[PDB]
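Presented below is the structure to which this report refers.
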Amino acid sequence: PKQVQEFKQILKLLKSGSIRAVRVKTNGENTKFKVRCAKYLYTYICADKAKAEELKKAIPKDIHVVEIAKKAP
Amino acid sequence: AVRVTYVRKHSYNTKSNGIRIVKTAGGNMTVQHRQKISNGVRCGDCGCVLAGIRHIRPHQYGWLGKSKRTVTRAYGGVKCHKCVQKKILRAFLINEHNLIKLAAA
Amino acid sequence: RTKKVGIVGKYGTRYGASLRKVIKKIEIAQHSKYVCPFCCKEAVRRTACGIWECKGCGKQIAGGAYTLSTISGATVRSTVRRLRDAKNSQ
Amino acid sequence: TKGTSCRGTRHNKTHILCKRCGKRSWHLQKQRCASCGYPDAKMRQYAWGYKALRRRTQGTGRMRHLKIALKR
Amino acid sequence: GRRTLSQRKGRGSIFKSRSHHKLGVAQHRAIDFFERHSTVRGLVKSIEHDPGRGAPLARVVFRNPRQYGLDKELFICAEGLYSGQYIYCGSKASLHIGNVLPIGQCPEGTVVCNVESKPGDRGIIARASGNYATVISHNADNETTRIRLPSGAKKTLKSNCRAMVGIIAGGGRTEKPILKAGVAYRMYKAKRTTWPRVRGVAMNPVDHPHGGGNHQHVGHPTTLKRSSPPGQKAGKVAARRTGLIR
Amino acid sequence: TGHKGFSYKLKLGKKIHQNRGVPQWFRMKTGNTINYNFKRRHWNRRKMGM
RNA sequence: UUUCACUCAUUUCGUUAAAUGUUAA
RNA sequence: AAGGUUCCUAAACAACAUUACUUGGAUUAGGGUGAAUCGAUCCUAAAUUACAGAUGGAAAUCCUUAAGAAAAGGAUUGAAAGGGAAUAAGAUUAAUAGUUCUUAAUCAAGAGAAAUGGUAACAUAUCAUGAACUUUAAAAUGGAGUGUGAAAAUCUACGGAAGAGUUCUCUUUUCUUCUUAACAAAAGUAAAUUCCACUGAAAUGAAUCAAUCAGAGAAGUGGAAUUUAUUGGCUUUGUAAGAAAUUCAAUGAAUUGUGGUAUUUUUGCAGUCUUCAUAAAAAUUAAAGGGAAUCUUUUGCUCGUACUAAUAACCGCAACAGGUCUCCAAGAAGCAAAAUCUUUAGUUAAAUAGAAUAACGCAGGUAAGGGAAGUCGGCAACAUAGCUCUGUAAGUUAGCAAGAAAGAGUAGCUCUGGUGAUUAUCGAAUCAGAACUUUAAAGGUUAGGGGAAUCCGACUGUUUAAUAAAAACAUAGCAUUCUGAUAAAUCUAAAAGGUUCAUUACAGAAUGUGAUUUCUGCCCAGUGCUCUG
RNA sequence: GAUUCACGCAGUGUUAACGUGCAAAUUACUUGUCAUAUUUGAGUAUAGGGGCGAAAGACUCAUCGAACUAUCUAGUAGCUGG
């Protein structure tokens with residue numbers, strides 16, 4: 001697994017056509033946007049709610065989105 | 001304390017059978033296989049360990065980047081900088097002496 | 001520390017006074033440092049029987065088994081130098 | 001300790017199954033079969049071993065083809 | 001009787017040489033035109049310890065007088081050689097320690113080592129530690145020179161036999177007294193199986209001709225003819241003399 | 001042993017297959033004397049020596 | 001028959017069978 | 001390794017496990033072993049075996065690259081402990097799991113006039129061309145001892161959360177849980193070593209537990225590199241809390257800090273010591289010198305994989321007190337991996353029991369007074385036993401004897417002082433001393449009897465498996481003999497055959513004596529050996 | 001190739017136990033030893049007038065002052081038994 005640092009790369013990754021799945025996890029302090037690509041599982045630790053919403057709109061509707069919470073699926 | 005067992009079927013404390021015991025979720029301890037300690041490179045003349053090149057297994061050098069298996073210099077990776085400096089002076093001073101000694105003295 | 005058994009006190013009391021005497025002279029000269037013929041430093045120490053290495057000088061010299069230069073091996077170098085000079089001159 | 005105690009370390013086979021005769025007579029270190037005389041081209045037979053001849057010879061097996069020819 | 005220990009030595013089963021960590025064959029390089037009519041220069045890369053022998057070995061590196069590459073040789077060190085030294089082999093080589101010269105060019109009285117008994121056979125005589133041979137005289141009529149072997153014997157060789165000037169390194173090795181049985185055990189690490197030697201008188205009559213009776217003694221003279229068969233040739237052979245020398 | 005050659009393992013398997021008794025129906029054949037297999041063996045009784 | 005001189009069988013060697021011998025330069 | 005279905009389950013108990021058995025490693029019938037990443041397969045070591053050639057009456061033997069129109073250079077085999085491309089955590093089965101499942105990775109083979117920076121050491125998500133040929137390095141190198149970095153375990157400091165135990169006597173109490181992988185990232189921050197630049201050291205300095213180093217250049221300041229169980233060593237981060245552990249409720253909820261100038265283990269590093277010991281090779285990989293030429297995706301085959309590994313699965317006729325190679329390793333106490341007791345795990349059965357409590361036994365003990373008077377002989381048993389301090393002879397190879405011999409102290413409780421770190425706070429077991437008390441103190445366990453002489457062997461070592469462990473053998477030291485290598489010794493029927501010999505007289509081969517000190521007397525007739533006669 | 005303890009190992013003594021044994025050589029205590037001439041696994045080499053032996057005629061599959069196995073062989077017996 002790899003970790004992306006700032007906001008610019010994740011959108012470029014999201015807009016890239018190499019995506020396969022997206023899973024969003026909400027923790028007691030932050031929100032993680034794990035993007036499942038072909039090779040790696042990129043993740044992004046987000047602590048700003050407004051910036052998280054911007055990310056959620058950036059997700060193409062065709063891809064499958066999994067929401068994870070205190071109870072695992 | 002938690003006691004462990006060999007995971008592979010080797011049962012002797014050989015050089016290639018080294019292990020490390022690390023902790024794991026639930027308090028259990030698991031067994032890893034650690035790599036052998038390797039030597040680096042040596043100057044072709046003075047036999048000193050070269051700087052700038054890691055001490056890894058021979059095959060792992062191919063995995064490294066092209067710039068990470070050598071030093072950007074003449075005879076880089078096979079001769080130390082001191083080894084190289086003596087080479088240049090020998091090649092220049094002896095040749096210059098040959099022009100004065102012989103070759104229209 | 002010791003009256004007279006200096007280096008051969010590690011042999012204790014079990015090899016004969018005469019044998020411990022002979023081995024003392026050889027072991028003292030085998031473990032001492034010698035003047036290095038190329039850099040004039042007391043930095044030559046034996047590595048193996050017949051091989052001597054200059055520590056702070058980076059040279060390997062072939063020599064005697066326990067001494068850097070043997071008496072027989074020193075006169076020979078003198079003899080060859082005289083022979084070479086006579087041959088080179090007429 | 002030449003009796004009971006010395007037999008503790010007997011865990012290294014000397015002979016394994018041969019390929020030409022099927023018996024456990026292939027010497028590993030000698031690289032030969034003690035019974036049928038392997039790689040030696042001829043089958044190992046001795047006139048002092050008259051019984052060993054009648055244990056493995058012509059007619060002691062299937063005779064898959066020879067039985068047809070002689071009857072022919 | 002049995003077969004004695006000297007008989008079992010000639011079969012070479014456990015008496016084979018323990019030569020696994022040895023460096024190799026130590027000898028001059030093969031003769032060629034450039035050694036017959038010129039000089040080839042070699043570089044003493046390093047001095048190494050060869051197991052089983054008391055003299056150090058030099059890893060000389062000549063270049064390649066006829067092709068491209070290196071000619072890694074393996075000489076026997078002469079006393080005084082050092083790493084990085086240049087040595088010259090050939091008929092025109094200077095008379096310096098470590099140089100290889102034909103035995104005819106050496107002035108009478110020169111001390112040489114690693115001499116070839118026959119031209120081009122790459123060294124026979126004077127190869128142990130501290131040993132050397134002296135040139136006695138020349139004979140230009142039949143191209144022969146006389147040398148004095150380290151045993152004192154005089155030998156006549158052809159004047160073009162090669163030899164190295166100097167003294168084999170590591171002299172004075174045997175003057176240090178072994179003190180312990182264990183030390184002698186380690187001496188034969190890279191040699192043959194000979195060390196713990198049982199006296200013939202301590203054996204039995206089947207084992208040895210000396211194997212005695214109710215008193216440990218020989219019984220018959222220990223000086224024997226050279227023609228005795230293997231098996232009874234035990235002791236002094238063809239002894240011209242016995243007893244302490246005066 | 002845990003480690004074995006392929007051919008050796010198959011010869012082990014046959015010895016397992018041959019360590020069986022007479023089926024009941026074969027015992028009811030007319031003029032049948034083969035009631036028990038006298039070539040049988042067990043691991044702790046006789047070592048098959050292979 | 002002895003003593004010689006040679007090599008040509010023969011012996012013992014060495015190499016990548018890598019300038020041997022004689023002229024020539 | 002060896003065994004070979006003994007593994008799991010069900011039915012069943014005729015036989016077997018010296019009684020019995022509803023039990024079983026026993027009977028009957030089913031089920032069970034999943035790999036691109038672990039091994040074999042690949043490479044070579046000691047060694048082994050072919051065609052042709054040589055030898056032999058023959059069978060067959062030799063040779064292993066030398067003899068060959070064979071093989072740029074030398075053929076086959078030889079390691080489940082040597083070398084080696086690449087996988088981990090959780091869950092799952094009556095039984096398989098680095099092999100299955102979920103998640104997350106890695107590796108190999110494929111498919112879609114040619115660069116900058118730094119003074120320098122050197123540095124740059126593939127970048128930034130690099131053929132023949134040649135070289136260098138890695139794979140790939142003994143052992144001892146000291147110091148030290150890091151991780152884990154144990155112990156402990158502060159702060160807690162949940163559960164459990166004790167509770168008429170107290171105990172803010174005692175115990176349990178508080179975790180995290182492969183592979184990668186680079187907030188923060190280490191120890192050690194080696195180099196680079198400036199400068200030039202004497203009034204010589206720098207440094208370690210020890211060393212060791214310097215005008216072929218120290219110390220100082222500023223840098224570069226490598227190592228530290230994967231990336232880059234440790235904390236931290238992604239994986240990742242969604243798992244797992246501890247609780248609670250009836251599937252759903254809670255928590256998952258920070259440290260230590262403590263001990264052990266593991267793993268590296270640094271120098272020091274030691275050898276008449278110098279402590280493997282190849283497959284395979286990279287770099288250099290030279291200048292010839294102009295991210296996505298597919299596939300990863302064959303074989304092993306069950307179980308025991310032993311006071312019941314192996315070898316001894318067997319469920320035999322014998323034997324058989326390894327990995328992991330808690331607390332007390334102590335110098336100690338010792339004896340003794342306990343926690344996690346395992347087991348209470350391992351060739352039958354009950355009653356009575358005779359003789360004679362086997363094993364463990366004690367004993368008045370005397371103390372070897374017993375006996376071939378102090379055989380057996382008794383006795384000494386730790387640590388500290390004082391003290392220690394003759395003899396001697398001057399190293400030892402020596403723990404010589406001999407004497408005193410030692411418990412519990414309440415205190416006092418010495419030995420540091422950091423800059424008032426914090427921390428370590430160690431030593432010394434003083435009052436008081438008692439049953440006067442190493443002793444539960446562990447734990448030398450000592451002295452005066454004589455003989456033999458110098459010593460450490462080895463030895464008649466199964467009646468001899470020794471004064472016997474070995475040993476170092478001393479001495480003698482032969483041999484210049486086409487030799488000496490010596491195996492073979494023979495041999496471009498073989499061993500010492502990858503050797504060369506400081507060597508090879510054959511013998512006697514047995515450290516050191518002192519000394520080895522006379523005899524060459526006899527028998528050997530020899531002569532340059 | 002110093003002195004000792006421990007894991008181990010050996011076999012000095014009791015000439016203890018057992019001696020139709022746990023065992024065709026073991027058990028208990030005592031004793032010694034317990035890393036460099038050390039201990040040990042696998043592979044490999046050496047074969048019967050041969051090997052191997054720090055030497056006891058020791059070891060060479062419970063067999064060694066000449067192994068095991070088969071043929072000559074129903075070897076011969078002035079000797080014993082029937």
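Starting from 1 in every chain, residues are counted up; chains themselves are A, B, ... following the order of the structure tokens, and ligands are numbered from 1 as listed.
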
Find the spatial neighbours of residue 15 (chain G), counting only C-alpha atoms (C1' of nucleotides), within a cut-off of 10 Å - ignore same-chain residues fewer than 6 positions away - and output them as an MDAnalysis selection string. chainID E and resid 30:32 120

May I have the residues within 10 Å of residue 51 (chain B) as a list in words, using only C-alpha atoms (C1' of nucleotides) and disregarding those fewer than 6 positions away in the same chain?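 With the cut-off at 10 Å, the set is residues 40, 41, 42, 70, 71, 77, 80 and 81 of chain B; 121, 122, 194, 195, 224, 225 and 226 of chain H.
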
Selected residues written out with N, CA, C and O atoms (P, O5', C5', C4', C3', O3' and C1' of nucleotides), as a PDB file, in the first residue's frame:
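Writing the result to part.pdb gives the following:
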```
ATOM      1  N   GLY B  40      30.599  -5.511   0.596  1.00  0.00           N
ATOM      2  CA  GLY B  40      30.376  -4.575  -0.486  1.00  0.00           C
ATOM      3  C   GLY B  40      31.282  -4.793  -1.675  1.00  0.00           C
ATOM      4  O   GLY B  40      31.335  -5.890  -2.236  1.00  0.00           O
ATOM      5  N   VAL B  41      31.991  -3.744  -2.076  1.00  0.00           N
ATOM      6  CA  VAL B  41      32.967  -3.810  -3.150  1.00  0.00           C
ATOM      7  C   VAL B  41      34.318  -3.413  -2.569  1.00  0.00           C
ATOM      8  O   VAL B  41      34.406  -2.872  -1.465  1.00  0.00           O
ATOM      9  N   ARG B  42      35.380  -3.708  -3.312  1.00  0.00           N
ATOM     10  CA  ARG B  42      36.731  -3.363  -2.897  1.00  0.00           C
ATOM     11  C   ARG B  42      37.490  -2.754  -4.065  1.00  0.00           C
ATOM     12  O   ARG B  42      37.273  -3.124  -5.221  1.00  0.00           O
ATOM     13  N   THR B  70      26.864   2.229  -8.758  1.00  0.00           N
ATOM     14  CA  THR B  70      28.180   2.690  -9.178  1.00  0.00           C
ATOM     15  C   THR B  70      28.415   4.088  -8.624  1.00  0.00           C
ATOM     16  O   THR B  70      27.578   4.647  -7.911  1.00  0.00           O
ATOM     17  N   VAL B  71      29.577   4.645  -8.955  1.00  0.00           N
ATOM     18  CA  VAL B  71      29.941   6.013  -8.608  1.00  0.00           C
ATOM     19  C   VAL B  71      30.356   6.722  -9.886  1.00  0.00           C
ATOM     20  O   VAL B  71      31.141   6.182 -10.671  1.00  0.00           O
ATOM     21  N   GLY B  77      33.305   2.447  -9.119  1.00  0.00           N
ATOM     22  CA  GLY B  77      32.797   1.155  -8.735  1.00  0.00           C
ATOM     23  C   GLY B  77      33.825   0.047  -8.721  1.00  0.00           C
ATOM     24  O   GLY B  77      33.584  -0.993  -8.102  1.00  0.00           O
ATOM     25  N   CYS B  80      38.942   3.017  -5.948  1.00  0.00           N
ATOM     26  CA  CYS B  80      38.719   4.144  -5.061  1.00  0.00           C
ATOM     27  C   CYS B  80      39.225   5.429  -5.703  1.00  0.00           C
ATOM     28  O   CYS B  80      39.967   5.410  -6.688  1.00  0.00           O
ATOM     29  N   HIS B  81      38.807   6.563  -5.139  1.00  0.00           N
ATOM     30  CA  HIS B  81      39.261   7.844  -5.669  1.00  0.00           C
ATOM     31  C   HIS B  81      40.768   7.990  -5.520  1.00  0.00           C
ATOM     32  O   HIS B  81      41.438   8.524  -6.412  1.00  0.00           O
TER      33      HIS B  81
ATOM     34  P     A H 121      34.883  13.096  -5.789  1.00  0.00           P
ATOM     35  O5'   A H 121      34.610  12.155  -4.537  1.00  0.00           O
ATOM     36  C5'   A H 121      35.684  11.553  -3.830  1.00  0.00           C
ATOM     37  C4'   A H 121      35.359  11.403  -2.365  1.00  0.00           C
ATOM     38  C3'   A H 121      34.067  10.672  -2.046  1.00  0.00           C
ATOM     39  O3'   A H 121      34.227   9.266  -2.043  1.00  0.00           O
ATOM     40  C1'   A H 121      34.176  12.673  -0.793  1.00  0.00           C
ATOM     41  P     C H 122      33.642   8.374  -3.240  1.00  0.00           P
ATOM     42  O5'   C H 122      32.337   9.151  -3.700  1.00  0.00           O
ATOM     43  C5'   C H 122      31.055   8.738  -3.260  1.00  0.00           C
ATOM     44  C4'   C H 122      30.175   9.928  -2.995  1.00  0.00           C
ATOM     45  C3'   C H 122      28.797   9.898  -3.631  1.00  0.00           C
ATOM     46  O3'   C H 122      27.857   9.114  -2.924  1.00  0.00           O
ATOM     47  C1'   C H 122      29.793  11.971  -4.072  1.00  0.00           C
ATOM     48  P     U H 194      38.164   4.727  11.487  1.00  0.00           P
ATOM     49  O5'   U H 194      37.987   4.894   9.918  1.00  0.00           O
ATOM     50  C5'   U H 194      38.159   3.789   9.047  1.00  0.00           C
ATOM     51  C4'   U H 194      37.652   4.098   7.665  1.00  0.00           C
ATOM     52  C3'   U H 194      38.171   5.384   7.051  1.00  0.00           C
ATOM     53  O3'   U H 194      39.468   5.238   6.508  1.00  0.00           O
ATOM     54  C1'   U H 194      35.835   5.245   6.733  1.00  0.00           C
ATOM     55  P     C H 195      40.289   6.527   6.026  1.00  0.00           P
ATOM     56  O5'   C H 195      39.738   6.792   4.561  1.00  0.00           O
ATOM     57  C5'   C H 195      39.973   8.033   3.925  1.00  0.00           C
ATOM     58  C4'   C H 195      38.793   8.472   3.100  1.00  0.00           C
ATOM     59  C3'   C H 195      38.770   9.945   2.748  1.00  0.00           C
ATOM     60  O3'   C H 195      39.603  10.251   1.648  1.00  0.00           O
ATOM     61  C1'   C H 195      36.644   9.295   3.531  1.00  0.00           C
ATOM     62  P     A H 224      26.069  16.146   3.732  1.00  0.00           P
ATOM     63  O5'   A H 224      26.935  15.029   3.006  1.00  0.00           O
ATOM     64  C5'   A H 224      27.305  15.172   1.644  1.00  0.00           C
ATOM     65  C4'   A H 224      28.155  14.019   1.183  1.00  0.00           C
ATOM     66  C3'   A H 224      27.633  12.636   1.520  1.00  0.00           C
ATOM     67  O3'   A H 224      26.623  12.184   0.641  1.00  0.00           O
ATOM     68  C1'   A H 224      29.909  12.758   2.086  1.00  0.00           C
ATOM     69  P     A H 225      25.513  11.160   1.176  1.00  0.00           P
ATOM     70  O5'   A H 225      26.307   9.792   1.341  1.00  0.00           O
ATOM     71  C5'   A H 225      26.843   9.129   0.210  1.00  0.00           C
ATOM     72  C4'   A H 225      27.812   8.045   0.605  1.00  0.00           C
ATOM     73  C3'   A H 225      27.234   6.867   1.365  1.00  0.00           C
ATOM     74  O3'   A H 225      26.592   5.934   0.516  1.00  0.00           O
ATOM     75  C1'   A H 225      29.233   7.574   2.399  1.00  0.00           C
ATOM     76  P     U H 226      25.237   5.210   0.975  1.00  0.00           P
ATOM     77  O5'   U H 226      25.736   3.952   1.808  1.00  0.00           O
ATOM     78  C5'   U H 226      26.699   3.062   1.273  1.00  0.00           C
ATOM     79  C4'   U H 226      27.369   2.253   2.353  1.00  0.00           C
ATOM     80  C3'   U H 226      26.454   1.552   3.338  1.00  0.00           C
ATOM     81  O3'   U H 226      25.893   0.358   2.828  1.00  0.00           O
ATOM     82  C1'   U H 226      28.238   2.575   4.496  1.00  0.00           C
TER      83        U H 226
END
```

DSSP-assigned alpha helix (DSSP H) members of region 1-102 of chain B, reported as a list in words: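 Residues meeting the alpha helix (DSSP H) criterion: residues 60, 61, 62, 63, 81, 82, 83, 84, 85, 86, 87, 88, 89, 90, 91, 92, 93, 94, 95, 96, 97, 98, 99, 100 and 101 of chain B.
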
What does the structure give for the distance between CA of residue 192 (chain E) and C1' of residue 513 (chain H), in Å to one decimal?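 Pair CA of residue 192 (chain E) / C1' of residue 513 (chain H) returns 24.6 Å.
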
Using only C-alpha atoms, select each residue of chain E with any atom at most 8 Å away from an atom of chain C, and give the selection as a VMD selection string. chain E and resid 46 to 49 54 to 56 77 to 83 94 to 97 107 110 to 111 130 166 to 167 169 to 173 176 to 177 179

Could you list, as a list in words, the residues of chain H having an atom within 8 Å of chain F when counting only C-alpha atoms (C1' of nucleotides)?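 Result: residues 1, 2, 3, 4, 5, 6, 80, 303, 304, 305 and 313 of chain H.
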
Saved selection, atoms kept: N, CA, C and O atoms (P, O5', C5', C4', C3', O3' and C1' of nucleotides), as a PDB file, in the first residue's frame:
```pdb
ATOM      1  P     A H   1      14.147 -36.491   5.900  1.00  0.00           P
ATOM      2  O5'   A H   1      14.906 -37.684   6.625  1.00  0.00           O
ATOM      3  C5'   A H   1      16.186 -38.103   6.185  1.00  0.00           C
ATOM      4  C4'   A H   1      16.816 -39.076   7.148  1.00  0.00           C
ATOM      5  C3'   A H   1      16.208 -40.464   7.204  1.00  0.00           C
ATOM      6  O3'   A H   1      16.659 -41.299   6.157  1.00  0.00           O
ATOM      7  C1'   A H   1      16.599 -39.668   9.394  1.00  0.00           C
ATOM      8  P     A H   2      15.676 -42.378   5.500  1.00  0.00           P
ATOM      9  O5'   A H   2      15.113 -43.203   6.737  1.00  0.00           O
ATOM     10  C5'   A H   2      15.814 -44.328   7.239  1.00  0.00           C
ATOM     11  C4'   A H   2      15.129 -44.912   8.448  1.00  0.00           C
ATOM     12  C3'   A H   2      13.720 -45.432   8.231  1.00  0.00           C
ATOM     13  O3'   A H   2      13.675 -46.721   7.653  1.00  0.00           O
ATOM     14  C1'   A H   2      13.733 -44.063  10.126  1.00  0.00           C
ATOM     15  P     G H   3      12.460 -47.110   6.684  1.00  0.00           P
ATOM     16  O5'   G H   3      11.190 -47.115   7.641  1.00  0.00           O
ATOM     17  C5'   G H   3      11.080 -48.054   8.698  1.00  0.00           C
ATOM     18  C4'   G H   3       9.873 -47.786   9.560  1.00  0.00           C
ATOM     19  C3'   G H   3       8.528 -47.899   8.871  1.00  0.00           C
ATOM     20  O3'   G H   3       8.093 -49.239   8.753  1.00  0.00           O
ATOM     21  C1'   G H   3       8.586 -45.946  10.201  1.00  0.00           C
ATOM     22  P     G H   4       7.607 -49.807   7.336  1.00  0.00           P
ATOM     23  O5'   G H   4       6.256 -49.019   7.058  1.00  0.00           O
ATOM     24  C5'   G H   4       5.248 -48.954   8.055  1.00  0.00           C
ATOM     25  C4'   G H   4       4.168 -47.968   7.703  1.00  0.00           C
ATOM     26  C3'   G H   4       3.412 -48.262   6.409  1.00  0.00           C
ATOM     27  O3'   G H   4       2.041 -47.937   6.582  1.00  0.00           O
ATOM     28  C1'   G H   4       4.289 -46.085   6.335  1.00  0.00           C
ATOM     29  P     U H   5       0.949 -49.102   6.661  1.00  0.00           P
ATOM     30  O5'   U H   5      -0.325 -48.369   7.257  1.00  0.00           O
ATOM     31  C5'   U H   5      -0.262 -47.739   8.525  1.00  0.00           C
ATOM     32  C4'   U H   5      -1.253 -46.613   8.636  1.00  0.00           C
ATOM     33  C3'   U H   5      -2.555 -46.801   7.861  1.00  0.00           C
ATOM     34  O3'   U H   5      -3.631 -46.259   8.621  1.00  0.00           O
ATOM     35  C1'   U H   5      -1.503 -44.805   7.174  1.00  0.00           C
ATOM     36  P     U H   6      -4.090 -46.962   9.991  1.00  0.00           P
ATOM     37  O5'   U H   6      -3.099 -46.370  11.085  1.00  0.00           O
ATOM     38  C5'   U H   6      -3.303 -46.622  12.463  1.00  0.00           C
ATOM     39  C4'   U H   6      -2.080 -46.295  13.278  1.00  0.00           C
ATOM     40  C3'   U H   6      -1.884 -44.840  13.666  1.00  0.00           C
ATOM     41  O3'   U H   6      -2.679 -44.456  14.774  1.00  0.00           O
ATOM     42  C1'   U H   6       0.170 -45.775  12.942  1.00  0.00           C
ATOM     43  P     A H  80      20.420 -33.402   1.407  1.00  0.00           P
ATOM     44  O5'   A H  80      19.162 -32.656   0.780  1.00  0.00           O
ATOM     45  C5'   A H  80      19.062 -31.239   0.810  1.00  0.00           C
ATOM     46  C4'   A H  80      17.753 -30.770   1.396  1.00  0.00           C
ATOM     47  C3'   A H  80      17.471 -31.202   2.834  1.00  0.00           C
ATOM     48  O3'   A H  80      16.776 -30.151   3.502  1.00  0.00           O
ATOM     49  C1'   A H  80      15.717 -31.915   1.446  1.00  0.00           C
ATOM     50  P     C H 303       2.715 -34.097 -10.483  1.00  0.00           P
ATOM     51  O5'   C H 303       3.836 -34.435  -9.411  1.00  0.00           O
ATOM     52  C5'   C H 303       4.543 -35.659  -9.474  1.00  0.00           C
ATOM     53  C4'   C H 303       5.673 -35.695  -8.481  1.00  0.00           C
ATOM     54  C3'   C H 303       5.303 -35.424  -7.037  1.00  0.00           C
ATOM     55  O3'   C H 303       4.723 -36.536  -6.390  1.00  0.00           O
ATOM     56  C1'   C H 303       7.225 -34.190  -7.589  1.00  0.00           C
ATOM     57  P     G H 304       3.764 -36.307  -5.127  1.00  0.00           P
ATOM     58  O5'   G H 304       4.757 -35.851  -3.973  1.00  0.00           O
ATOM     59  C5'   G H 304       5.668 -36.763  -3.381  1.00  0.00           C
ATOM     60  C4'   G H 304       6.294 -36.165  -2.149  1.00  0.00           C
ATOM     61  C3'   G H 304       5.312 -35.652  -1.114  1.00  0.00           C
ATOM     62  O3'   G H 304       4.891 -36.678  -0.237  1.00  0.00           O
ATOM     63  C1'   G H 304       6.979 -34.016  -1.522  1.00  0.00           C
ATOM     64  P     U H 305       3.386 -36.715   0.303  1.00  0.00           P
ATOM     65  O5'   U H 305       3.298 -35.451   1.259  1.00  0.00           O
ATOM     66  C5'   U H 305       4.183 -35.310   2.362  1.00  0.00           C
ATOM     67  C4'   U H 305       4.101 -33.930   2.961  1.00  0.00           C
ATOM     68  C3'   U H 305       2.753 -33.578   3.583  1.00  0.00           C
ATOM     69  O3'   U H 305       2.959 -32.783   4.746  1.00  0.00           O
ATOM     70  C1'   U H 305       3.290 -32.000   1.915  1.00  0.00           C
ATOM     71  P     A H 313       7.901 -45.449  20.868  1.00  0.00           P
ATOM     72  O5'   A H 313       7.533 -45.824  19.366  1.00  0.00           O
ATOM     73  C5'   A H 313       6.202 -45.665  18.896  1.00  0.00           C
ATOM     74  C4'   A H 313       6.031 -46.108  17.465  1.00  0.00           C
ATOM     75  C3'   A H 313       6.959 -45.439  16.464  1.00  0.00           C
ATOM     76  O3'   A H 313       7.146 -46.301  15.342  1.00  0.00           O
ATOM     77  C1'   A H 313       4.729 -44.781  16.034  1.00  0.00           C
TER      78        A H 313
END
```

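The space separating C1' of residue 212 (chain H) from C1' of residue 274 (chain H) comes to 19.4 Å.
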
With distances taken over only C-alpha atoms, which residue among D:18, D:47, D:63, D:33 lies nearest chain F? D:18

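Distances here use only C-alpha atoms (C1' of nucleotides); by that measure, the residue among H:117, H:73, H:377, H:420 closest to chain B is H:117.
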
Nearest to chain H by atom-to-atom distance, counting only C-alpha atoms (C1' of nucleotides), from A:41, A:47, A:58, A:52: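 Among the listed residues, the smallest separation from chain H belongs to A:41.
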
What is the distance, in Å and to one decimal place, between CA of residue 103 (chain E) and CA of residue 127 (chain E)?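 Spanning CA of residue 103 (chain E) to CA of residue 127 (chain E) is a straight-line distance of 15.8 Å.
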
Any idea which chain E residues end up within 6 Å of chain H if we count only C-alpha atoms (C1' of nucleotides), as a compact mmCIF listing (two decimals) with C-alpha atoms, in the first residue's frame please?
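Once everything was written out, this is selection-v7.txt:
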```txt
# COMPACT_ATOMS: atom_id res chain seq x y z
CA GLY E 10 51.55 -46.62 -1.05
CA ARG E 11 47.87 -47.23 -1.78
CA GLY E 12 46.81 -43.69 -0.92
CA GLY E 24 48.09 -24.03 -6.72
CA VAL E 25 51.23 -25.13 -8.50
CA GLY E 69 44.74 -10.09 -21.31
CA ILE E 124 62.87 -28.13 -9.05
CA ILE E 125 65.73 -27.36 -6.68
CA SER E 129 61.94 -22.17 3.30
CA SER E 151 72.08 -30.78 0.54
CA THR E 174 62.30 -25.16 12.09
CA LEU E 179 56.23 -27.67 22.55
CA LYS E 180 52.93 -29.54 22.52
CA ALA E 181 51.51 -32.62 20.84
CA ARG E 186 48.10 -28.79 13.53
CA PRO E 221 70.27 -55.70 13.37
CA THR E 223 70.65 -52.01 9.22
CA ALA E 234 62.19 -51.38 8.27
CA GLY E 235 64.84 -49.25 9.94
CA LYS E 236 68.14 -48.02 8.53
CA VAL E 237 68.52 -48.87 4.83
CA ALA E 239 73.52 -47.72 6.23
CA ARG E 240 77.20 -47.00 5.60
```

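Among the candidates A:27, A:59, A:39, A:48, the residue lying nearest to residue 10 (chain A) is A:59 (atoms considered: only C-alpha atoms).
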